[PDB]
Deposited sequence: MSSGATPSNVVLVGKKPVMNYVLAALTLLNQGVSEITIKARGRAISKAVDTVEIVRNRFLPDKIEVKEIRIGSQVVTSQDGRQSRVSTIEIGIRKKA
């Protein structure tokens, strides 16, 4: 129950997240690395503020690194209220 945010338009990942939520998945994690990290935050904010206002909480946010080169990563856990 993970949406990996990559290079595609942000609405791709917004719709992927809503699809899971509408399937009865109440907790999903949005993940990204490198420059896509800002698009992962966009994805969550669009889902939280524009689609499901007052029904999505941000449960936790983790940042880290991975070797490839070091690249940064983010993981954002969201939950239905």
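Judged by missing C-alpha atoms, the gaps in the deposited chain sequence fall at residues 1 to 8, 77 to 83, 97, listed in sequence order.
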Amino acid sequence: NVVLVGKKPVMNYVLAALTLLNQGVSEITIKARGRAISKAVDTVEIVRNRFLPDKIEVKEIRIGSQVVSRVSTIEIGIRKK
From here on, numbers count along this sequence of modelled residues.
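Of the two stretches examined, 35 to 43 and 48 to 56, the record assigns the greater average C-alpha temperature factor to 48 to 56.
If you average the C-alpha B-factors over 20 to 28 and over 6 to 14, the higher value belongs to 20 to 28. Among the modelled residues of its chain, residue 72 has a C-alpha B-factor that falls in the middle third, as given in the PDB entry.
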